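Residue numbers (PDB author numbering): 41 to 361. Only one structure is covered here, and it is reproduced in the block below.
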Ligand SMILES: CCCCCCCC/C=C\CCCCCCCC(=O)SCCNC(=O)CCNC(=O)[C@H](O)C(C)(C)COP(=O)(O)OP(=O)(O)OC[C@H]1O[C@@H](n2cnc3c(N)ncnc32)[C@H](O)[C@@H]1OP(=O)(O)O
Ligand SMILES: [Fe+3]
Ligand SMILES: [Fe+3]
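This is the structure we're talking about:
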């Protein structure tokens, strides 16, 4: 019990789907067209990529990287799971980086996630993997949420995020933030700083980039809940897919993370394909993050022995941490 600070992300196994047949999905047509156009505009930006100035590509990667941290170190580990404490400067960089990533504000992000952990693979899970790959990748954003999500998730404590002034600052002014950070500024910066043509900055440095931060994130719900190993808990659906960790800068050890949702590393190994933990460990070094809550090797090993599927004994002691 390394974090009794909060407890609204611990898996509740007593909950199961027991409300009769699931109501039919309700399509939301505003989202469908935008998500279509986006992945078109992202796809069109791909054929444009060879005709881009070098700085435009690097800027895109940096922007992909910064938005990544705004979700992995920011929304996921700091605010949804409370796995460490951050000082004002880092939290300001994170709250901006989050706004470039455009995955709703932080209060609405963590609520959907805190429900995803507690009520995983149920109708109260906002991206119920058991509905299918498409649903949990992008489809959950195109149809209405099961009443279980609203009902059960509404009973989760969000007092901590309610009582943080910076998370609520984002919430109040989120609409102008995302327009500036996700679409306007990463288009005008390449357009001015090194003269990338507007058609390229819009479709490479914005639509493709956002489409790649978007899809890289959705792979943690779709792929990580189907393909991979289960060294730590064979009884859940979260997996250790290494590719996911690569694109999602560390959040690919979903089987560990769903078992140990309080570990600040989201993984057994601190720096292994986990650029996010590395970043978090640098802020630690600079005195802007402390109380990095990692799980003891005895608790992990005993948990592998209990509910593990036994694939771990091909990674047993390959890094110190
Ligand atoms: C490279 C980085 C890698 C990162 C790796 C991360 C791994 C982390 C671990 C695992 C993965 C986590 C990643 C998932 C996050 C991805 C998020 C995005 O990508 S968003 C893209 C842009 N934004 C949209 O596209 C919005 C589209 N969504 C919508 O339009 C609606 O939300 C929609 C259609 C999905 C649902 O429609 P409805 O009307 O049925 O539900 P509604 O409108 O959202 O909520 C209304 C009321 O329902 C309650 N309610 C909803 N959700 C609740 C909850 N979770 N708990 C309690 N009550 C809830 C609340 O009362 C809420 O009202 P009140 O928000 O307070 O004003
Ligand atoms: Fe998950
Ligand atoms: Fe999580």
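We put the CB at the ideal spot given by N, CA and C, even for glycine.
query	result
In chain order, what residues of the same chain have a beta carbon less than 8 angstroms from the beta carbon of residue 89, not counting five sequence neighbours either side?	97, 244 and 248
Have a look at the DSSP bridge pairing and note the partners of residue 293.	280
Is the closest heavy atom of ligand 2 to the C-beta of residue 120 under 6 angstroms?	no
Quick one: what does DSSP say residue 147 is sitting in, helix, strand or coil?	helix
So, with DSSP's three-state summary, where would you put residue 95?	helix
Within this structure, are the beta carbons of residue 227 and residue 246 separated by less than 7 angstroms?	yes
Hey, is residue 116 close to ligand 5, as in C-beta under 6 angstroms from one of its heavy atoms?	As far as ligands go, the structure on display features ligand 1, ligand 2 and ligand 3 and does not contain ligand 5.
Starting from residue 300, trace the alpha helix (DSSP H) both ways and give me its first and last residue.	No alpha helix (DSSP H) contains residue 300, which DSSP labels as neither H nor E.
Return yes when the C-beta of residue 278 is under 6 angstroms from any heavy atom of ligand 2, and no when it is not.	yes
Check whether the segment 255-263 touches the segment 278-292, taking contact to mean three or more Cβ pairs, one atom from each stretch, closer than 8 angstroms.	yes
Counting C-beta neighbours from all protein chains within 10 Å, is the total for residue 102 16 or more, i.e. buried, or is it exposed?	exposed
Quick check on the burial criterion: 16 or more other C-beta atoms within 10 angstroms. Buried or exposed for residue 277?	buried
Quick one, which of 70, 135 and 211 has its alpha-carbon nearest residue 117's?	135
Taking 6 angstroms as the line, does the beta carbon of residue 301 fall inside it for any heavy atom of ligand 3?	yes
CB residue 68 to CB residue 182, shorter than 7 angstroms?	yes
Just to check, is the beta-carbon of residue 152 closer than 6 angstroms to a non-hydrogen atom of ligand 1?	yes
Under the three-state reduction of DSSP, which class applies to residue 178: helix, strand or coil?	coil
Rounded to a whole number of angstroms, what is the C-alpha to C-alpha distance between residue 353 and residue 93?	47 angstroms
From residue 212 to residue 205, what does the alpha carbon distance come to, in whole angstroms?	10 angstroms
Report the option in 349, 231, 346 and 47 whose CA atom is closest to the CA atom of residue 195.	47
Evaluate residue 242 with the Cβ neighbour count: other Cβ atoms within 10 Å of its Cβ, from every protein chain shown; 16 or more gives buried, anything less gives exposed.	buried
Return the CA-CA distance between residue 65 and residue 189, expressed in angstroms with no decimal places.	14 angstroms
Could you spell out the range, first to last residue, of the alpha helix (DSSP H) harbouring residue 233?	225-233
What are the boundary residues of the alpha helix (DSSP H) that includes residue 241?	238-242
In whole angstroms, give me the CA-to-CA distance for residue 155 and residue 201.	15 angstroms
Just how far apart, CA to CA, sit residue 311 and residue 128?	25 angstroms
Compute the distance between the beta-carbons of residue 328 and residue 130, then report whether it is under 7 angstroms.	yes
Have a look at 291, 109, 281 and 157 and flag the residue whose alpha-carbon is nearest the alpha-carbon of residue 322.	109
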